[PDB]
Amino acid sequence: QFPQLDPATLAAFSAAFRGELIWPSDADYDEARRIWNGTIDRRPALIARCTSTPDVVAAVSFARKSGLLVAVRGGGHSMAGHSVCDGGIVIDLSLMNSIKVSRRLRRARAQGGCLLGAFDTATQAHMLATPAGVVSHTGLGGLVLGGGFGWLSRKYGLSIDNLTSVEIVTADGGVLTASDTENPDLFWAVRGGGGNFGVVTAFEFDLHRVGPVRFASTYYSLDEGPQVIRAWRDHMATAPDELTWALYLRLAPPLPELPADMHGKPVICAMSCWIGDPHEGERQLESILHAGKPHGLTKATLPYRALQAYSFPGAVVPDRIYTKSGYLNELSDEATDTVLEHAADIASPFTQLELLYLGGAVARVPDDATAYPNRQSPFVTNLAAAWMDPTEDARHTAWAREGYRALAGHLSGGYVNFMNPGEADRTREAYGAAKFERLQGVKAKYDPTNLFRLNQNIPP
């Protein structure tokens, strides 16, 4: 973390850079180098907080000339810990948070360091939105380059399915635009290929009009898991795109809507919404609320920006996390039993086994149209361990790996954005052989030296 740098190279960076530099001896260094995954404790040589595209060009050129390992940081949410490095440089985009929204064009342009909640605030000023993840302080940058799904996805696709162009700084310091008609090969690869191809300084999206959404959340005893998960699996196979319904298996939070005698016990938390008219949504949600005996029901009509800010009401932010995730093409009764066995073993309050159903608009995009793999698998399961005390790391980590191995016969692929710091080896199976080959071709062209390799990495 205290490497010898060239004075000419350094000075050239200083003259070109208009942002904020954070060095190891600076008072804000330990706080700045922390990322969401608290298990990742790494000490960069330098954190460069970029404030403009020309700043990113300067930081990229400086790292390449200096031989410093490049971490790129948008919102710092990497489950694999990719947005901080030991001994290298963090090209930190988090001050590049501006968004421009055209109401007449239903378009937004957002800088690559934006948090979802900033982007949603900006488009919802015009009752507009486009799909993104469900936790507002996630980074737009890493989430969109890996695909991006959330509440709007069954109706409007992945984030990348609404992306119309990007501005990107490539490894040789060039600034490029990529779109359907400009460097379309790079445009294909950034839609699902992660940070492998350059630093995205601006994303442009088409937007949709999204008015108030009927939302429900309720909790079922984990004793009713078999019927609840079977109701969910069966219902989602034929459900309108406008319905999204996700199951989180977890210890019940000590919330006042829930009876005190359920607090801290195994439950399924079901969250559902109707993307469409709220009277229709009231009718569609009432029809799924009795998958089991409902407890702690909350029903609300929410601005979409409030739906985005909702996940999840808790009194503590988990410090340490470990995830194991895959897709399923079908969720059999045997897999269902496996999930429920493993869920019964959760013994800490922040851990969830999540069961998502995508499909809808995500699955109608032809599989070769972007770099995002697995569009035809509707189910995602994520063993998301989360806890506080470092002495417990082995125990929580074992829980997630044990569940993943028990399910492994039922799982395929993986979402690159749910990969953990030990899953570098999963990249080829996540994309599959044809996509991975085509991604390697694009890599040979735009990042032939593999300068950007803190990501689910595609070697050229």
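When you see a residue number, it is the position in the sequence shown, counting from 1. Rigid core (definition): largest C-alpha set, two forms, superposition within 1.5 Å.
- Stretch 313 to 321 is the one, of 313 to 321 and 335 to 343, whose CA positions lie farther from the shown form in 5 other deposited structures of this protein once all structures are superposed by the rigid core.
- Fitting each structure in 5 other deposited structures of this protein onto the rigid core and averaging C-alpha distances over structures and residues, 344 to 352 emerges as the more displaced of 344 to 352 and 272 to 280.
- With 360 to 368 and 255 to 263 compared on mean CA B-factor from the PDB entry, the stretch scoring higher is 255 to 263.
- Between 446 to 454 and 20 to 28, it is 20 to 28 that carries the larger average Cα temperature factor according to the deposited entry.
- The maximum CA B-factor among the listed residues 92, 277, 180, 167, taken from the PDB record, is found at 180.
- Of the candidates 37, 420, 397, 412, it is 412 whose Cα B-factor is highest according to the PDB record.
- Split the chain's modelled residues into thirds by C-alpha temperature factor. Residue 81 is in the middle one.
- When the CA B factors of the chain's modelled residues are split into thirds, the value for residue 230 lands in the middle one.
- Among all modelled residues in this chain, the alpha-carbon of residue 109 has a temperature factor (C-alpha) in the lowest third.
- Among the modelled residues of the chain, residue 405 sits in the lowest third by CA temperature factor in this PDB entry.
- Residue 290: CA B factor in the highest third of modelled residues in this chain (values from the PDB entry).
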